[PDB]
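Okay, so here's just one chain, in structure tokens, the form deposited in one PDB entry.
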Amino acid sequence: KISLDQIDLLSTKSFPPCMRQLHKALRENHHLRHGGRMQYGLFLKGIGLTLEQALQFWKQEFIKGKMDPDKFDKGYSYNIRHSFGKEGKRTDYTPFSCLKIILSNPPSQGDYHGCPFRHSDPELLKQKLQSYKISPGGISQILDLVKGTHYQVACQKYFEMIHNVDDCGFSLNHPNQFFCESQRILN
């Protein structure tokens, strides 16, 4: 039911901070390192994109990197298809859970995947928070949670704020969960 020229907006309204970052990085750089391609792609699949859309969404954005639209089908295409289970063993991979994102494959320079509340240093996170126009009160309330390593909670806090609600009404532990709950209130 979801369309491609709608994502940019969705990223702002329903994507959790992690997917939002990964999306912006993809539009700015017209590319993403493996770690981000994994987390983001499975997420996009989890929200609704079909294999036809996925291949289009990614090819389109990668041509702007000015690389061979052929050098794309060479490497990147096969892997996208294997994500939707259309290659090899044929496994329709479930998107990443928060705990996984938070405790594994920590990000390094050049990477944008991972969990902002966990992998972005307090000072950079603050700037992002502000960039999303989050009230300095909640920003402060988030940083606290972050300091107590309650990353997922801090993200729930972010939910409640960007949706103007008192209680998100669920415990967060999967990015696409954040998405759906958002879609519930907006759509």
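One-based numbering along the sequence shown. The term rigid core refers to the maximal set of C-alpha atoms that superpose within 1.5 Å between the two forms. Residues that one form lacks are left out of the comparison.
In at least one third of the other compared structures of this protein with flanking residues present, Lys66 is left unmodelled. Per the records, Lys100 is modelled in every other compared entry, just as the shown structure includes it, so no third of them leave it out. In this entry, the higher average B-factor at the C-alpha atoms falls on 58 to 66, of the pair 41 to 49 and 58 to 66.
Taking the mean C-alpha B-factor of each stretch as recorded, 76 to 84 and 110 to 118 are not equal, and the higher mean is that of 110 to 118.
Between the residues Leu172, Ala25, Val165, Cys18, the entry's highest C-alpha temperature factor is the one at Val165. The PDB entry assigns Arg90 a C-alpha temperature factor belonging to the lowest third of its chain's modelled residues.
From this point on, the text means the form deposited in another entry, which you will not see here.
Only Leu55, out of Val153, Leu143, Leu55, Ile134, shows a C-alpha shift of 2 Å or more between this form and the one not shown on alignment of the rigid core. With a cut-off of 2 Å and the rigid core superposed, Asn79 has a Cα displacement that reaches or exceeds the cut-off between this form and the one not shown. With a change of no less than 3 Å, the CA-CA distance between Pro116 and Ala54 is larger in the other form than in the form shown. Here's the thing about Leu51 and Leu10: their CA atoms end up at least 3 Å closer in the other form than they are in this form. Core aligned; runs of 3 or more residues with all CA shifts at 2 Å or more between this form and the one not shown: 1 to 6, 50 to 60, 72 to 84, 92 to 94, in sequence order.
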